[PDB]
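> Attaching a single structure in structure tokens format; questions to follow.
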Amino acid sequence: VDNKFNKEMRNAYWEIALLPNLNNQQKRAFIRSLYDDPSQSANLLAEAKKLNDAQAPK
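Each residue of the sequence shown is one higher than the one before, starting from 4 at the first, in the working numbering.
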């Protein structure tokens, strides 16, 4: 695949898995979504944080 994939994901990838409160399917979902559309990587990462904030206590 074109280098563009690696260059874009470098900005957002492991950070998605960093959140420990995201459900099993939720974690795998975002990482899978990256392949589906890397242009949304910025959105997916923010979206992951959204679920993290939501499920997080307090």
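In this text, a Cβ means the ideal position worked out from N, Cα and C, and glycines have one as well.
#1: Within this structure, are the beta carbons of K30 and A20 separated by less than 8 Å?
#2: Where does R35 sit, in a helix, a strand or coil, going by DSSP?
#3: What are the start and end residues of the alpha helix (DSSP H) that includes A49?
#4: What number of angstroms, rounded off, separates the C-alpha of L37 from the C-alpha of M12?
#5: Tell me whether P41 is buried or exposed, calling it buried when 16 or more other Cβ atoms sit within 10 Å of its Cβ.
Quick answer:
#1: For the purposes of this step, residue 30 is identified with residue 27 of the sequence shown, where counting begins at 1. For the purposes of this step, residue 20 is identified with residue 17 of the sequence shown, where counting begins at 1. Contact: yes.
#2: Your numbering for residue 35 matches position 32 in the sequence shown. Here DSSP, grouped into helix, strand and coil, assigns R35 to helix.
#3: Mapped onto the sequence shown, residue 49 falls at position 46. Per DSSP, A49 belongs to the alpha helix (DSSP H) from 44 to 58.
#4: Numbered from its first residue, the sequence shown carries residue 37 at position 34. Numbered from its first residue, the sequence shown carries residue 12 at position 9. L37 and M12: Cα-Cα distance of roughly 8 Å.
#5: If you number the sequence shown from 1, residue 41 lands on position 38. With 16 or more neighbouring CB atoms inside 10 Å of its own CB, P41 falls in the buried class.
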